[PDB]
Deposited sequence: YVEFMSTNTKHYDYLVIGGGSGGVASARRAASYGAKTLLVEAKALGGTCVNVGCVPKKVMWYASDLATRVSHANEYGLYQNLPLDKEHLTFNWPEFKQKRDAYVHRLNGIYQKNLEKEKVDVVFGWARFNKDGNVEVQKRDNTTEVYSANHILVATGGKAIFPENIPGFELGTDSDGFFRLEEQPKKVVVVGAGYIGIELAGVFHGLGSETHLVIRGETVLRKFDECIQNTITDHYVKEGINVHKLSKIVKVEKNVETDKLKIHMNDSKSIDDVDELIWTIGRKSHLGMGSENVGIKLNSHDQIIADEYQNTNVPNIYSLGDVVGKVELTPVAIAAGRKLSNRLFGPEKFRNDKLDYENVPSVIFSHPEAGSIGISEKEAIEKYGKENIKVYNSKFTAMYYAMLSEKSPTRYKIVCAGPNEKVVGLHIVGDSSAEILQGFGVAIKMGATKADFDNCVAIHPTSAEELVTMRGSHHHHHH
């Protein structure tokens, strides 16, 4: 009936926060409507990366013959086959095991877990409609709303329902021969890369001239250009204006430039996500912003006493590690030692990665943002363009592009943006240095590791 901490949402932030609270001794209840691990584990980071690994390997196999390997076998694009149904099962099995582990951990850390739809009632308590069909009402001293987000559909577009969202991607049981992905965000860029690496004719529809418009132009241009060069059909300056189903059962996409894409087996909208508001938040007076996101201050406090919110539902830096960290720091503050009274997450200079092909990474501000904030006169930029040594033995090539953005007379690194193989793994350490206030001189103050790609970052202009 009554708890110290009740968490609505079994995702990245909810799970982390519940666990941290319980670690400090706090009768904690966690309510999840679907599966533990939320978006990341079930239809996000995890299954996307597994598919990424498959796509990545498909490409690598096409290099083997040149690398002198398996020369009696035709390891080329033409003979590429991918057993989508079987791989799908293994992927689902892995995700299912992770759910089990999560449920196991929460029980062992003494967090009570209930499955059902949670909602606020007028009294300020939480009604949970259970999966055993009962409906229980619970009370608590502290309540965290970490319900995450959900894909946006372009409901103004006739035929829009004929396509799915990223969740739909993960439900696909067969591989589409021809796929159209809409949106220049990282989710779409990643899915498009995966589809193409696995053999599907792949189309990516974007409003502007370049993908990944939230990132530095170096990332935008390199990924845009490489996607086009490798065979991903990028429709620039385009918006879908109508979708229809044929004789054949395939879709036909109608663009605003009057062009079209015919014989499409699958259409996926990846045009943003919105806050997953299903609770009775109105029943407790939780203020929403003009984008229907829950408002939260720097301590994750909503406007309502003893109600907190974080993660995608708030919508500030929508990444799994961020929610986890905010979740943990909130629990430190509410239930931890006195030294954590003012604990909060620093949301600036969070590094992030795009599992495109090639991968990309970014932390800090873009060159354009740096010029705006500090003025041209005070921005120094370092660039490096090269092809990794791995491609020396190959006719096919992939770009590596490193950009360091510096501000002030000490050349403080305010942005680091990279494109190329291994970027995902390279960035973390540099992230630690940048959070330490690293300058260009600091990057230069570590001897290089040879031969590597990362090495280029400590020996530029």
* Asked: Which segments of the deposited sequence lack C-alpha coordinates in the modelled structure, numbering from residue 1?
  -> 1-9, 257, 472-479
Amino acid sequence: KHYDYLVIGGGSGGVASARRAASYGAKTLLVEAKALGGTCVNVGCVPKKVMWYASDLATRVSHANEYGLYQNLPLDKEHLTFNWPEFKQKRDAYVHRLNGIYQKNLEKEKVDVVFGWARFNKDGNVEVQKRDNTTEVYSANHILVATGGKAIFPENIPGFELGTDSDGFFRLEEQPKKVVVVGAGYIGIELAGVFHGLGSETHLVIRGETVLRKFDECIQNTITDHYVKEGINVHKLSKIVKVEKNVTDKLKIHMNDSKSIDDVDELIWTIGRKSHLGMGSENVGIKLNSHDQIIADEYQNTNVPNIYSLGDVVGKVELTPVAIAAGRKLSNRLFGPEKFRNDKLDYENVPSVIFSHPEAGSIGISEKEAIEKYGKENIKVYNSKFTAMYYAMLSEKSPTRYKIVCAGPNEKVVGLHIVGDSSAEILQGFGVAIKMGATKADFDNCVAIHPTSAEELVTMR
From here on, numbers count along this sequence of modelled residues.
* Structure fact -> Mean B factor on CA atoms, stretches 133-141 and 387-395, record says higher is 133-141
* 361-369 versus 112-120: which one carries the higher mean Cα B factor per the record? -> 112-120
* Asked: With respect to the C-alpha temperature factors reported in the PDB entry, which of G185, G311, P85, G375 ranks highest?
  -> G375
* Asked: Looking at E425, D56, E66, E411, which has the biggest Cα B factor in the entry?
  -> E411
* To do: Divide the modelled residues of the chain into thirds by Cα B-factor and specify which third, lowest, middle or highest, holds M460.
  => highest
* Asked: For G25, does the deposited CA B-factor place it in the lowest, middle or highest third of the chain?
  -> highest
* Where does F340 sit by CA temperature factor within its chain: lowest, middle or highest third? -> highest
* **Within-chain third of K259 by Cα B-factor, per the entry** => highest
* Structure fact -> Assert third(CA B-factor, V181) within chain per record equals lowest
